[PDB]
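Visitor: Just dropping this structure here.
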Amino acid sequence: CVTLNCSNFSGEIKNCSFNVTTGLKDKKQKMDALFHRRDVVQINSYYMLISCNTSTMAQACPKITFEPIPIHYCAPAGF
Amino acid sequence: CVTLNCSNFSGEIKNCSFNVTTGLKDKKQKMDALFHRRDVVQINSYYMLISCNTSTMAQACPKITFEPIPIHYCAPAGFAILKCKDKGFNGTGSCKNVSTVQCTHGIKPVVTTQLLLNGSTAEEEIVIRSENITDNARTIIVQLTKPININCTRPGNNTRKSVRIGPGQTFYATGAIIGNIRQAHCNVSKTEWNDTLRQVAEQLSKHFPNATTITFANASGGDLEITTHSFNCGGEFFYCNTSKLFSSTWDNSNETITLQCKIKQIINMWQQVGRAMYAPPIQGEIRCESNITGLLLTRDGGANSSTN
Amino acid sequence: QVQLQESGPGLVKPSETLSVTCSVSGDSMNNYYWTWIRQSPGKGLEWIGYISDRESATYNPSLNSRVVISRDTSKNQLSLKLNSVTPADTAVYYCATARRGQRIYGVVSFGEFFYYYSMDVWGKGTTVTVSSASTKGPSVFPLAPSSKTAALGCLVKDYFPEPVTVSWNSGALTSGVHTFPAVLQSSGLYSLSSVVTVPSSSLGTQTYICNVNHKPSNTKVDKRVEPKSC
Amino acid sequence: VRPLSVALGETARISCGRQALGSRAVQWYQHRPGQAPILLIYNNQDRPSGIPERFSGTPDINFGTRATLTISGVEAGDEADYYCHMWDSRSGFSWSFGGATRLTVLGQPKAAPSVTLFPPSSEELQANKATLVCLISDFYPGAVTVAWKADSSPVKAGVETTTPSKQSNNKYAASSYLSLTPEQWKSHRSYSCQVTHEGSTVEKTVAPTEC
Ligand SMILES: *[C@@H]1O[C@H](CO)[C@@H](O[C@@H]2O[C@H](CO)[C@@H](O[C@@H]3O[C@H](CO[C@H]4O[C@H](CO[C@H]5O[C@H](CO)[C@@H](O)[C@H](O)[C@@H]5O[C@H]5O[C@H](CO)[C@@H](O)[C@H](O)[C@@H]5O)[C@@H](O)[C@H](O[C@H]5O[C@H](CO)[C@@H](O)[C@H](O)[C@@H]5O)[C@@H]4O)[C@@H](O)[C@H](O[C@H]4O[C@H](CO)[C@@H](O)[C@H](O)[C@@H]4O[C@H]4O[C@H](CO)[C@@H](O)[C@H](O)[C@@H]4O[C@H]4O[C@H](CO)[C@@H](O)[C@H](O)[C@@H]4O)[C@@H]3O)[C@H](O)[C@H]2NC(C)=O)[C@H](O)[C@H]1NC(C)=O
Ligand SMILES: *[C@@H]1O[C@H](CO)[C@@H](O[C@@H]2O[C@H](CO)[C@@H](O[C@@H]3O[C@H](CO[C@H]4O[C@H](CO[C@H]5O[C@H](CO)[C@@H](O)[C@H](O)[C@@H]5O)[C@@H](O)[C@H](O)[C@@H]4O)[C@@H](O)[C@H](O[C@H]4O[C@H](CO)[C@@H](O)[C@H](O)[C@@H]4O)[C@@H]3O)[C@H](O)[C@H]2NC(C)=O)[C@H](O)[C@H]1NC(C)=O
Ligand SMILES: *[C@@H]1O[C@H](CO)[C@@H](O)[C@H](O)[C@H]1NC(C)=O
Ligand SMILES: *[C@@H]1O[C@H](CO)[C@@H](O)[C@H](O)[C@H]1NC(C)=O
Ligand SMILES: *[C@@H]1O[C@H](CO)[C@@H](O)[C@H](O)[C@H]1NC(C)=O
Ligand SMILES: *[C@@H]1O[C@H](CO)[C@@H](O)[C@H](O)[C@H]1NC(C)=O
Ligand SMILES: *[C@@H]1O[C@H](CO)[C@@H](O)[C@H](O)[C@H]1NC(C)=O
Ligand SMILES: *[C@@H]1O[C@H](CO)[C@@H](O)[C@H](O)[C@H]1NC(C)=O
Ligand SMILES: *[C@@H]1O[C@H](CO)[C@@H](O)[C@H](O)[C@H]1NC(C)=O
Ligand SMILES: *[C@@H]1O[C@H](CO)[C@@H](O)[C@H](O)[C@H]1NC(C)=O
Ligand SMILES: *[C@@H]1O[C@H](CO)[C@@H](O)[C@H](O)[C@H]1NC(C)=O
Ligand SMILES: *[C@@H]1O[C@H](CO)[C@@H](O)[C@H](O)[C@H]1NC(C)=O
Ligand SMILES: *[C@@H]1O[C@H](CO)[C@@H](O)[C@H](O)[C@H]1NC(C)=O
Ligand SMILES: *[C@@H]1O[C@H](CO)[C@@H](O)[C@H](O)[C@H]1NC(C)=O
Ligand SMILES: *[C@@H]1O[C@H](CO)[C@@H](O)[C@H](O)[C@H]1NC(C)=O
Ligand SMILES: *[C@@H]1O[C@H](CO)[C@@H](O)[C@H](O)[C@H]1NC(C)=O
Ligand SMILES: *[C@@H]1O[C@H](CO)[C@@H](O)[C@H](O)[C@H]1NC(C)=O
Ligand SMILES: *[C@@H]1O[C@H](CO)[C@@H](O)[C@H](O)[C@H]1NC(C)=O
């Protein structure tokens with residue numbers, strides 16, 4: 001949740017620039033990224049991810065899939 | 001845990017100014033708050049929350065209450081709970097009237113020190129129970145037979161302010177209160193207290209010579225929980241100056257008293273170094289009432305025997 | 001029968017000491033507090049400060065420590081001193097008693113109470129003007145009654161400053177008295193009038209005399225009103 | 001200053017400027033122009049001796065209510081300036097008396113003005129001066145235009161007119177002054193004071209050639 005100095009991508013999608021943290025703490029990371037318009041809002045103009053003032057954002061692992069899998073709900077004996 | 005440039009509030013309570021973090025990280029939050037003197041210490045002067053160098057502070061959710069609820073501890077089949085229905089029952093030993101149950105009665109987890117509130121009531125005579133009377137190191141616990149009506153009030157009309165040190169991390173602090181700047185206190189009917197204390201002196205003389213003297217004094221030394229009456233009251237933690245209760249002398253033969261009470265928001269009960277909890281503020285003036293049923297007394301120990 | 005009487009010069013030069021005296025009458029000065037209140041034209045009445053029974057005076061901090069309030073026990077008078085006065089200090093001065101009320105809402109042990117002051121008894125009030133202009137005495141002229149209920153009066157011409165107290169027969173006639181307000185001419189001087197309604201049969205028998213007093217000029221004029229020679 | 005206009009006989013309620021902050025003890029003061037200020041209600045609703053029962057305060061039932069001065073049966077004598085003196089624990093010492101509330105009573109019965117023109121006195125003529133005094137008493141509403149007339153032509157020079165002011169009878173009273181010289185007073189045939197009130201006109205005339 002950093003200040004995102006976003007530029008209009010070459011409009012939805014924005015090409016942003018920001019400062020993060022590297023493997024070190026004092027050493028900061030000057031990096032870029034690309035997101036959608038419904039991902040950040042302004043505060044050129046400076047942007048911030050939408051959920052940074054409401055709910056704790058947490059990235060899901062890139063290994064767990066979200067594809068639905070059939071489930072056969074059962075019941076034990078006596079039911 | 002930031003540097004708190006506190007100013008003396010218009011003395012306990014301080015009006016502080018500090019820099020936090022907003023929903024953004026680089027965007028910092030210049031905000032204010034209000035706490036008690038036992039919440040921060042200096043390092044005008046700059047202050048810091050007391051537990052920031054010891055145990056990890058963590059605010060409790062404003063949805064989970066701390067009000068005690070009766071618990072009936074049970075036992076499965078093959079096991080049984082035996083209940084001794086003896087009225088005049090010394091704490092341990094044989095019991096002529098034993099009964100069996102599968103569960104206990106309503107037991108409230110009353111997290112309190114010294115004064116036991118909302119506890120069980122003894123029958124007939126005030127029961128005196130101690131693991132060893134002649135050992136001053138053992139804490140003596142009593143069980144009254146007549147419940148009293150004690151009233152503690154925080155007459156400060158506090159307000160809750162919601163800052164956003166997120167994402168998701170919301171913090172509720174104390175803002176500009178309304179009403180009046182009235183410190184916490186409790187009330188005790190001096191007549192019933194004196195009447196109950198006299199019955200205590202008549203019961204303490206059963207473990208001592210007939211013609212003797214019973215002296216009452218305030219707390220000696222230790223933490224503020226050992227010296228002051230710790231208990232909960234609508235969410236806030238109260239700590240009262242019990243010196244006015246314990247200052248009497250009794251031989252063999254309509255107003256109310258008040259006690260100065262303090263409020264602490266950063267609690268470190270059970271002395272667990274590493275973890276801590278913050279009490280969220282409670283809106284409106286707080287008023288709680290209870291029945292004191294037990295007390296945790298302690299002798300002084302080494303002295304000339306049977307004198308005083 | 002407590003009566004407060006305001007007495008002052010009515011005209012002081014700028015950057016000088018203003019002295020006002022408040023007289024206590026039908027009671028002592030050791031039972032209640034006393035306070036000064038002024039009312040400037042174009043603004044509301046202003047609370048200046050009070051004095052307690054322990055001879056400890058308290059003033060309003062918005063005066064830059066220029067006000068001094070004192071009280072005498074042998075003469076039963078309340079003095080008011082104001083140094084480095086400005087023309088903005090021109091106001092009607094009232095001295096009133098200060099009654100100390102104690103609003104209690106909680107336990108008295110913790111100081112859970114605040115005191116409030118109310119002014120039950122007030123004074124008549126004097127008019128004080130701060131200006132570098134000099135004083136000027138009034139001119140009392142007896143307005144003779146017409147020959148054709150008759151009406152007579154007295155005319156007070158140009159003077160400075162306000163006010164001017166007008167009475168009839170040294171206060172022996174109060175019915176039908178109507179003292180009209182003065183006018184502010186282009187020269188900067190006031191001129192008022194005062195008439196009284198008397199029956200026509202009283203003309204030629206009663207000795208009507210109007211009394212005019214102007215404290216800033218230190219002049220008290222008594223004029224005998226008589227009809228014309230025709 | 002906050003204005004307020006209430007008709008006769010209707011129950012009026014004068015609102016308070018500043019609001020309360022905790023346990024309050026409000027004082028309502030009534031001030032007449034030129035007279036001594038008189039408090040009507042002290043401590044919420046407590047009423048001192050002498051104040052009629054038409055005035056009432058607001059109860060301190062632990063907040064929830066606003067300090068208001070209720071005046072039942074508003075008559076002509078209620079026209080004055082009213083101040084609200086709030087005393088709460090948060091604000092501490094309250095020095096200012098709040099914003100002034102100027103109450104004005106409407107619907108009063110009108111009255112014909114009593115005009116009385118007085119010529120300059122004989123002793124004033126000996127002082128080489130002259131002044132025509134035209135007095136206007138007992139008239140409502142307070143809207144009167146004064147016009148001096150020499151013979152038949154009006155004169156705008158030397159005209160000193162006062163603003164109409166209320167007296168004790170709840171009616172207005174005005175006064176006009178015409179500064180002249182003794183030669184100008186003895187030269188004209190007659191002088192007249194024209195007073196216009198609500199369309200009507202009352203005129204008084206004095207002449208040097210009449211006793
Ligand atoms: C734990 O222990 C604590 C310690 O013991 C305990 O703290 C106590 O808390 C309670 C509240 O819970 C406190 O009670 C308050 O007491 C205040 C003071 O009350 C006394 O004084 C008033 C005024 O009486 C005047 O006249 C008498 C003689 O006639 C004098 O002797 C007085 O001094 C006083 O004199 C005035 O003038 C002097 C000269 O100018 C001044 O110097 C002086 O300051 C005064 O201005 C009496 O009326 C009181 O009588 C009441 O109590 C007796 C019992 O003692 C009853 O029998 C009786 O019926 C009355 O109930 C008492 O003598 C009270 O002012 C206060 O009540 C007001 O405040 C509350 C809260 O803000 C309001 O909600 C409430 O509405 C009250 O406001 C009304 O009353 C005041 C009175 O001054 C008015 O100013 C106000 O405008 C308003 O009046 C208007 O409304 C009324 C209806 O609402 C109407 O009837 C009126 O006519 C008017 O229109 C409150 O009761 C107590 O002080 C604490 N301390 C102690 C030691 O007790 C704590 O509670 C305990 N905890 C628990 C859980 O128990
Ligand atoms: C020893 O025992 C005594 C007695 O058992 C303990 O005293 C208890 O203290 C606790 C505080 O520590 C109190 O909890 C509070 O109760 C308040 C009252 O709860 C009731 O009223 C609420 C409001 O309803 C009011 O209005 C309606 C309609 O006008 C009336 O019918 C009604 O009677 C009330 O006058 C209700 O909302 C509530 O459900 C109860 O019915 C509460 O105001 C307070 O919090 C309320 O609001 C919170 C914010 O939303 C909410 O989270 C709460 O759930 C609650 O709604 C709080 O709960 C006990 O009331 C009080 N008595 C009892 C019998 O428990 C004493 O504390 C104890 N000693 C120790 C050391 O623990
Ligand atoms: C944001 O980007 C614009 C465009 O390159 C640049 O002019 C501006 O200085 C940048 N601001 C910050 C704070 O990086
Ligand atoms: C990152 O920080 C550097 C210096 O600390 C600054 O020059 C740069 O503009 C920052 N980047 C953004 C996107 O603000
Ligand atoms: C967070 O910010 C957005 C836009 O600034 C706003 O719409 C939203 O209401 C904010 N969140 C909360 C909880 O107010
Ligand atoms: C702390 O507050 C005081 C009082 O306003 C001020 O003088 C001082 O500069 C402040 N210091 C910091 C570090 O904010
Ligand atoms: C917060 O930071 C700003 C600038 O970064 C500073 O001016 C201010 O004094 C800080 N506040 C405190 C309480 O130190
Ligand atoms: C933390 O600081 C306080 C006061 O500075 C001190 O009393 C306490 O001992 C410190 N904690 C530890 C673990 O030393
Ligand atoms: C046990 O109960 C009986 C009657 O139920 C009673 O008489 C007896 O005193 C009780 N025992 C004790 C030790 O109280
Ligand atoms: C209580 O008294 C009984 C008999 O008097 C005794 O057997 C028992 O040990 C006592 N309990 C304690 C804790 O002293
Ligand atoms: C209690 O402790 C004392 C030592 O202080 C000892 O002499 C006594 O026997 C103990 N009592 C019991 C019942 O064990
Ligand atoms: C406390 O400090 C804040 C800092 O801005 C100030 O606004 C406020 O008036 C002070 N007092 C209270 C009662 O909040
Ligand atoms: C506590 O408050 C209750 C309710 O007002 C009252 O009945 C009781 O007497 C009070 N007790 C004390 C000691 O104040
Ligand atoms: C109160 O305590 C005194 C001192 O021991 C005692 O004499 C008196 O009987 C007691 N009164 C009550 C009602 O308990
Ligand atoms: C206990 O009382 C004594 C005097 O009676 C006092 O000096 C001491 O500070 C008190 N202790 C506490 C913890 O209040
Ligand atoms: C408790 O009260 C006693 C006497 O009332 C006093 O000496 C002592 O200092 C008080 N303790 C505290 C912590 O205020
Ligand atoms: C607290 O203040 C609020 C706001 O004025 C008020 O509505 C409420 O009644 C007050 N409560 C108490 C207990 O003073
Ligand atoms: C306290 O005792 C009274 C009377 O014995 C009872 O009515 C009340 O319920 C008791 N309170 C609690 C919390 O048990």
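Naming scheme: A, B, ... for chains in displayed order of the structure tokens; residues 1 onward per chain; ligands 1 onward as shown.
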Residues within 8 Å of ligand 6 (only C-alpha atoms and all ligand atoms), as a list in words?
Guide: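 Listing the residues within 8 Å of ligand 6 gives residues 5, 6, 7, 17, 18, 44, 45 and 46 of chain B.
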Visitor: So which residues are near ligand 12, meaning at most 8 Å away with only C-alpha atoms and all ligand atoms counted, given back as a list in words?
Guide: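 Selection of residues at most 8 Å from ligand 12: residues 7, 9, 10, 15, 16, 17, 31, 32, 33, 34, 175, 176 and 177 of chain B.
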Visitor: Given the selection you just returned, output its residues as a file containing N, CA and C atoms, formatted as a compact mmCIF listing (two decimals), in the first residue's frame.
Guide:
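Saved file result-v1.txt follows:
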```
# COMPACT_ATOMS: atom_id res chain seq x y z
N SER B 7 0.71 16.62 25.85
CA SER B 7 0.48 17.83 26.63
C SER B 7 -0.49 17.52 27.76
N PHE B 9 -3.51 17.41 29.86
CA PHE B 9 -4.90 17.63 29.49
C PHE B 9 -5.53 18.71 30.37
N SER B 10 -6.45 19.45 29.78
CA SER B 10 -7.15 20.52 30.48
C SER B 10 -8.03 19.97 31.60
N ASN B 15 -3.19 14.71 26.69
CA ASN B 15 -3.56 14.96 25.29
C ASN B 15 -2.29 14.91 24.45
N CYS B 16 -2.12 13.83 23.70
CA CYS B 16 -0.88 13.56 22.97
C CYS B 16 -1.05 13.82 21.48
N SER B 17 0.09 14.03 20.81
CA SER B 17 0.16 14.17 19.37
C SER B 17 1.27 13.26 18.85
N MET B 31 -2.11 12.55 14.07
CA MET B 31 -3.34 12.39 14.84
C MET B 31 -3.08 12.65 16.32
N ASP B 32 -4.18 12.68 17.08
CA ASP B 32 -4.15 12.87 18.52
C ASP B 32 -4.90 11.73 19.19
N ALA B 33 -4.82 11.69 20.52
CA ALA B 33 -5.50 10.68 21.31
C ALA B 33 -5.48 11.12 22.77
N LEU B 34 -6.10 10.31 23.63
CA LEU B 34 -6.15 10.57 25.06
C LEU B 34 -6.02 9.24 25.80
N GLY B 175 -11.24 9.98 22.27
CA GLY B 175 -11.27 11.35 21.83
C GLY B 175 -11.68 12.30 22.95
N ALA B 176 -12.04 13.52 22.56
CA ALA B 176 -12.47 14.53 23.51
C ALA B 176 -13.73 14.09 24.24
N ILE B 177 -13.61 13.80 25.54
CA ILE B 177 -14.76 13.31 26.30
C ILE B 177 -15.74 14.45 26.55
```
Visitor: Name the residues in contact with stretch 121-135 of chain C at a cut-off of 10 Å, using only C-alpha atoms, excluding same-chain residues fewer than 3 positions from it; report them as a PyMOL selection string.
Guide: (chain C and resi 2-16+18+20+22-24+34-40+85-99+118+138+159-163+216-217) or (chain D and resi 34-39)
Visitor: When the cut-off is 12 Å and you count only C-alpha atoms and all ligand atoms, which residues lie near ligand 4, shown as a PDB file with N, CA and C atoms, in the first residue's frame?
Guide:
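Wrote it out as result33.pdb, contents follow:
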```pdb
ATOM      1  N   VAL A   2       1.458   1.531  -1.166  1.00  0.00           N
ATOM      2  CA  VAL A   2       2.323   2.685  -1.344  1.00  0.00           C
ATOM      3  C   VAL A   2       1.650   3.666  -2.299  1.00  0.00           C
ATOM      4  N   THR A   3       2.192   4.879  -2.350  1.00  0.00           N
ATOM      5  CA  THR A   3       1.739   5.871  -3.315  1.00  0.00           C
ATOM      6  C   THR A   3       2.158   5.441  -4.716  1.00  0.00           C
ATOM      7  N   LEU A   4       1.188   5.325  -5.616  1.00  0.00           N
ATOM      8  CA  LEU A   4       1.416   4.813  -6.964  1.00  0.00           C
ATOM      9  C   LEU A   4       1.318   5.974  -7.950  1.00  0.00           C
ATOM     10  N   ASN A   5       2.475   6.481  -8.379  1.00  0.00           N
ATOM     11  CA  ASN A   5       2.544   7.541  -9.385  1.00  0.00           C
ATOM     12  C   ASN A   5       2.281   6.908 -10.748  1.00  0.00           C
ATOM     13  N   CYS A   6       0.998   6.769 -11.069  1.00  0.00           N
ATOM     14  CA  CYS A   6       0.571   6.035 -12.250  1.00  0.00           C
ATOM     15  C   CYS A   6       0.488   6.944 -13.467  1.00  0.00           C
ATOM     16  N   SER A   7       0.864   6.395 -14.618  1.00  0.00           N
ATOM     17  CA  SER A   7       0.705   7.050 -15.905  1.00  0.00           C
ATOM     18  C   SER A   7      -0.256   6.236 -16.760  1.00  0.00           C
ATOM     19  N   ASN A  15       0.045   2.276 -16.010  1.00  0.00           N
ATOM     20  CA  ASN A  15       1.465   1.971 -15.800  1.00  0.00           C
ATOM     21  C   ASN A  15       1.963   2.838 -14.648  1.00  0.00           C
ATOM     22  N   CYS A  16       2.163   2.220 -13.488  1.00  0.00           N
ATOM     23  CA  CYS A  16       2.481   2.935 -12.260  1.00  0.00           C
ATOM     24  C   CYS A  16       3.952   2.780 -11.887  1.00  0.00           C
ATOM     25  N   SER A  17       4.427   3.717 -11.067  1.00  0.00           N
ATOM     26  CA  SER A  17       5.765   3.682 -10.496  1.00  0.00           C
ATOM     27  C   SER A  17       5.661   3.932  -8.998  1.00  0.00           C
ATOM     28  N   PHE A  18       6.458   3.206  -8.218  1.00  0.00           N
ATOM     29  CA  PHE A  18       6.334   3.258  -6.767  1.00  0.00           C
ATOM     30  C   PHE A  18       7.646   2.823  -6.130  1.00  0.00           C
ATOM     31  N   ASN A  19       7.710   2.982  -4.809  1.00  0.00           N
ATOM     32  CA  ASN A  19       8.865   2.595  -4.007  1.00  0.00           C
ATOM     33  C   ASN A  19       8.433   1.533  -3.007  1.00  0.00           C
ATOM     34  N   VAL A  20       9.074   0.367  -3.062  1.00  0.00           N
ATOM     35  CA  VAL A  20       8.771  -0.723  -2.139  1.00  0.00           C
ATOM     36  C   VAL A  20      10.003  -1.018  -1.297  1.00  0.00           C
ATOM     37  N   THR A  21      10.092  -2.240  -0.777  1.00  0.00           N
ATOM     38  CA  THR A  21      11.245  -2.691  -0.012  1.00  0.00           C
ATOM     39  C   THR A  21      11.841  -3.923  -0.678  1.00  0.00           C
ATOM     40  N   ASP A  26      16.284  -1.033   4.708  1.00  0.00           N
ATOM     41  CA  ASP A  26      16.648   0.331   4.343  1.00  0.00           C
ATOM     42  C   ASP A  26      16.760   0.484   2.831  1.00  0.00           C
ATOM     43  N   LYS A  27      17.251  -0.546   2.146  1.00  0.00           N
ATOM     44  CA  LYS A  27      17.311  -0.535   0.688  1.00  0.00           C
ATOM     45  C   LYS A  27      15.901  -0.674   0.127  1.00  0.00           C
ATOM     46  N   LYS A  28      15.411   0.382  -0.512  1.00  0.00           N
ATOM     47  CA  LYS A  28      14.072   0.402  -1.079  1.00  0.00           C
ATOM     48  C   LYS A  28      14.113   0.034  -2.558  1.00  0.00           C
ATOM     49  N   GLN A  29      12.952  -0.352  -3.080  1.00  0.00           N
ATOM     50  CA  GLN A  29      12.830  -0.903  -4.427  1.00  0.00           C
ATOM     51  C   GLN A  29      12.013   0.052  -5.288  1.00  0.00           C
ATOM     52  N   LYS A  30      12.659   0.646  -6.289  1.00  0.00           N
ATOM     53  CA  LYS A  30      11.981   1.491  -7.271  1.00  0.00           C
ATOM     54  C   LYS A  30      11.546   0.597  -8.425  1.00  0.00           C
ATOM     55  N   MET A  31      10.254   0.283  -8.481  1.00  0.00           N
ATOM     56  CA  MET A  31       9.728  -0.680  -9.435  1.00  0.00           C
ATOM     57  C   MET A  31       8.462  -0.147 -10.091  1.00  0.00           C
ATOM     58  N   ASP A  32       7.994  -0.892 -11.090  1.00  0.00           N
ATOM     59  CA  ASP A  32       6.780  -0.581 -11.828  1.00  0.00           C
ATOM     60  C   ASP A  32       5.851  -1.786 -11.790  1.00  0.00           C
ATOM     61  N   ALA A  33       4.633  -1.586 -12.284  1.00  0.00           N
ATOM     62  CA  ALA A  33       3.631  -2.644 -12.348  1.00  0.00           C
ATOM     63  C   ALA A  33       2.503  -2.178 -13.261  1.00  0.00           C
ATOM     64  N   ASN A  44       1.519  14.754 -11.932  1.00  0.00           N
ATOM     65  CA  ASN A  44       0.366  13.897 -12.180  1.00  0.00           C
ATOM     66  C   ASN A  44      -0.276  13.451 -10.872  1.00  0.00           C
ATOM     67  N   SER A  45      -1.407  12.761 -10.977  1.00  0.00           N
ATOM     68  CA  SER A  45      -2.118  12.292  -9.800  1.00  0.00           C
ATOM     69  C   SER A  45      -1.474  11.028  -9.246  1.00  0.00           C
ATOM     70  N   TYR A  46      -1.617  10.840  -7.939  1.00  0.00           N
ATOM     71  CA  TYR A  46      -1.053   9.700  -7.232  1.00  0.00           C
ATOM     72  C   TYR A  46      -2.172   8.754  -6.819  1.00  0.00           C
ATOM     73  N   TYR A  47      -1.916   7.453  -6.934  1.00  0.00           N
ATOM     74  CA  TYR A  47      -2.940   6.441  -6.737  1.00  0.00           C
ATOM     75  C   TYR A  47      -2.580   5.515  -5.582  1.00  0.00           C
ATOM     76  N   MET A  48      -3.596   4.806  -5.095  1.00  0.00           N
ATOM     77  CA  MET A  48      -3.457   3.857  -4.002  1.00  0.00           C
ATOM     78  C   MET A  48      -4.437   2.717  -4.230  1.00  0.00           C
TER      79      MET A  48
ATOM     80  N   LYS B  25       1.280   3.603   3.093  1.00  0.00           N
ATOM     81  CA  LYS B  25       2.453   3.425   3.938  1.00  0.00           C
ATOM     82  C   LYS B  25       3.304   4.688   4.004  1.00  0.00           C
ATOM     83  N   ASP B  26       3.630   5.270   2.847  1.00  0.00           N
ATOM     84  CA  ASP B  26       4.412   6.501   2.843  1.00  0.00           C
ATOM     85  C   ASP B  26       3.610   7.665   3.411  1.00  0.00           C
ATOM     86  N   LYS B  27       2.306   7.699   3.143  1.00  0.00           N
ATOM     87  CA  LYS B  27       1.434   8.719   3.718  1.00  0.00           C
ATOM     88  C   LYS B  27       1.248   8.438   5.204  1.00  0.00           C
TER      89      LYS B  27
END
```
Visitor: Using only C-alpha atoms, can you tell me which of B:244, B:182, B:198, B:164 comes closest to chain A?
Guide: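 Closest to chain A of all the choices is B:164.
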Visitor: Within 10 Å of residue C:180, counting only C-alpha atoms, which residues qualify if same-chain residues fewer than 6 places away don't, as a short mmCIF file (atom, residue, chain, number, x, y, z; two decimals) with N, CA and C atoms, in the first residue's frame?
Guide:
```
data_model
loop_
_atom_site.label_atom_id
_atom_site.label_comp_id
_atom_site.auth_asym_id
_atom_site.auth_seq_id
_atom_site.Cartn_x
_atom_site.Cartn_y
_atom_site.Cartn_z
N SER C 191 -28.14 68.90 23.07
CA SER C 191 -29.15 69.86 23.51
C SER C 191 -30.46 69.11 23.70
N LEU C 192 -30.95 69.05 24.93
CA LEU C 192 -32.16 68.32 25.28
C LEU C 192 -33.26 69.28 25.71
N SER C 193 -34.42 68.70 26.02
CA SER C 193 -35.57 69.46 26.50
C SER C 193 -36.31 68.62 27.54
N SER C 194 -37.03 69.31 28.42
CA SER C 194 -37.79 68.64 29.47
C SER C 194 -39.05 69.45 29.74
N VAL C 195 -40.21 68.79 29.65
CA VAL C 195 -41.49 69.43 29.88
C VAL C 195 -42.26 68.65 30.94
N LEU D 135 -41.70 68.89 20.01
CA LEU D 135 -41.67 67.62 20.71
C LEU D 135 -42.80 66.72 20.24
N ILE D 136 -42.48 65.44 20.04
CA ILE D 136 -43.44 64.44 19.59
C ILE D 136 -43.43 63.30 20.60
N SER D 137 -44.58 63.06 21.23
CA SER D 137 -44.70 62.05 22.27
C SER D 137 -45.87 61.12 21.97
N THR D 162 -33.94 64.18 15.96
CA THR D 162 -33.55 63.02 16.74
C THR D 162 -34.27 61.77 16.24
N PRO D 164 -36.55 58.61 16.69
CA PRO D 164 -37.61 58.27 17.65
C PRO D 164 -37.17 57.17 18.60
N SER D 165 -37.46 57.36 19.89
CA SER D 165 -37.05 56.44 20.93
C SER D 165 -38.25 56.03 21.77
N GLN D 167 -40.30 55.19 25.11
CA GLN D 167 -40.36 55.63 26.49
C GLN D 167 -41.07 54.56 27.33
N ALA D 173 -41.11 58.29 21.05
CA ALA D 173 -41.04 59.71 21.37
C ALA D 173 -39.86 60.32 20.63
N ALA D 174 -40.12 61.38 19.87
CA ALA D 174 -39.10 62.05 19.08
C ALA D 174 -39.10 63.54 19.38
N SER D 175 -38.01 64.20 19.00
CA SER D 175 -37.85 65.63 19.23
C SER D 175 -37.07 66.23 18.07
N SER D 176 -37.48 67.43 17.65
CA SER D 176 -36.83 68.15 16.56
C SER D 176 -36.36 69.51 17.06
#
```
Visitor: With only C-alpha atoms and all ligand atoms counted, collect every polymer residue having an atom within 12 Å of ligand 14; state the result as a list in words.
Guide: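 Using only C-alpha atoms and all ligand atoms, everything at most 12 Å from ligand 14 comes to residues 189, 190, 191, 192, 193, 194, 195, 196, 197, 198, 199, 200, 201, 202, 213, 214, 215, 216, 247, 248, 249, 250, 251, 252, 253, 254 and 255 of chain B.
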Visitor: List as a PyMOL selection string the protein and nucleic acid residues lying within 9 Å of ligand 16, with only C-alpha atoms and all ligand atoms counted.
Guide: chain B and resi 218+224+227-228+240-244+259-262
Visitor: Just the residues within 8 Å of stretch 204-214 of chain C, please, counting only C-alpha atoms, with nothing from its chain fewer than 2 positions along; format it as a PyMOL selection string.
Guide: chain C and resi 137-138+140+153-154+163-170+201-202+216-226
Visitor: Using only C-alpha atoms and all ligand atoms, find each protein or nucleic acid residue lying at most 12 Å from ligand 5; present the set as a list in words.
Guide: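 So the residues close to ligand 5 are residues 38, 39, 40, 41, 42, 43, 47, 48, 49, 50, 51, 52, 53, 54, 55 and 56 of chain A; 22, 23, 24, 162, 163, 164, 165, 166, 167, 168, 169 and 170 of chain B.
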